[PDB]
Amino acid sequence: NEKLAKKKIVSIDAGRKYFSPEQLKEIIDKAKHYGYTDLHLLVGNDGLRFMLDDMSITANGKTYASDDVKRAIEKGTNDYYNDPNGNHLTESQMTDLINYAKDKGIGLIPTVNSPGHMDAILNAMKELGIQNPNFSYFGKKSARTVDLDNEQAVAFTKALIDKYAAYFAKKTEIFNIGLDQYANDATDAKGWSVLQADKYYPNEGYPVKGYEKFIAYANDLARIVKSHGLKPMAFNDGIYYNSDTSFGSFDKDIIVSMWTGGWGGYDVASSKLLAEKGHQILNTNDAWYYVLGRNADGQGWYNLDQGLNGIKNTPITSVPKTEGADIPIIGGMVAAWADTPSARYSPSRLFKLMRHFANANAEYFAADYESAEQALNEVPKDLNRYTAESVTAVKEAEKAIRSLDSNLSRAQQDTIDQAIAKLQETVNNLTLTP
């Protein structure tokens, strides 16, 4: 029961790339069928593809009008990638989506990313007239990352997160603030190093109090998310980067989506350290990643064959960078991304990824009872015209379905399937009294 109690989550990048309500419902249907508990839907990730009915934002001593914010965001998103399939989900569509998923026992966890991966929000702030929102590193300007020194850009971004969190209140449980990959473009994937650099290498032009400002920013977003009764979540790479606790402390109520163990010259906190500091961990191991369009071996990083290998070889309990410690988890999340958002979305390939993750960790995933429910609905209601012996067999086969444990795992699907087959056989064997 400890395994079944974990969250099993599929993540979809509907920030970079448009997904229709119809497509998202299909993903939810497959998630339910395969025994998942949640859909993790990025809506702000480079692109911003979710618009509230009221997008008025109060910051900087004024209100930015809802119509202008909407227009700024649509335009800013299109400047990132003008997706021929669509620009954004509406509030009505999101409310209906969350309700659709709720009726299937599927939760929804949104991401609206900052202070990185916010190309569209930066664009929108400029369309509104906010000056110089982008972070720059020695003359290289980031297209994705806000400058934490810019009070007006920061205040707007926070108010925008607040506006979305207010919407998601009471209809969801977790809100992912992201926080990954600060200034990845401008610093060539060294942004955390850069933010910490001035403390250790002063008078060299590194951002003064860079990392300390990032901690404060992260903590203020956590405060804002918690005020709405939501649990804040964030990706791990910037949290105690280089295992450095000397800049300040992150809010313990931030759940960590642990997606990377780091790489050469990019030294992240271990999951051991983060657990010790008091953070819950959602295992989001990039072993399982799939980037749309990279569909076979040789087609680049996080290609589908690599992700299926990752799922085969790295179980849901294997967290990045454990330092050999036993790391508890709240669950696991398999993620599909749209780094090249003009790539064709292939449902069957995403479903294969999701199915493989479910099958490789089958004791964790819920079983599927829907066919069992259907079979019970197909039993003839009135059995009086059949022989007592044939009737008893049917009643016994029905009782046996109703007596199945109601929280079986996917590993035990055969038990359900056998019970269905027995019922069908007994119904087929109903014999009319002569």
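Each residue number is its position in the shown sequence, starting from 1.
So 197-205 or 326-334, which one's hotter by mean CA B-factor in the entry? According to the PDB entry, the answer is 197-205.
Hey, which bit's got the bigger mean C-alpha B factor in the entry, 310-318 or 139-147? Of 139-147 and 310-318, the stretch with the higher C-alpha B-factor average is 139-147.
From the list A31, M51, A400, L42, select the residue with the highest C-alpha B factor recorded in the entry. By C-alpha B-factor in the record, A400 ranks first.
Can you pull the Cα B-factors for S227, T111, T77, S246 from the entry and say which is highest? Going by the entry's C-alpha B-factors, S246 comes out highest.
Can you work out whether the C-alpha temperature factor of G238 puts it in the lowest, middle or highest third of the chain? Within its chain, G238 is a lowest-third residue by C-alpha B-factor, going by the deposited values.
Once the chain's modelled residues are ordered by C-alpha B factor and cut into thirds, is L408 in the lowest, middle or highest one? Highest third - that is where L408 ends up once the chain's C-alpha B-factors are sorted.
Third of the chain's Cα B-factor distribution that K7 belongs to, per the entry: Within its chain, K7 is a middle-third residue by C-alpha B-factor, going by the deposited values.
CA B-factor placement of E26, once the chain's modelled residues are sorted into thirds: It falls in the middle third of the chain.
Record-listed C-alpha B factor of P115: chain third: Lowest third.
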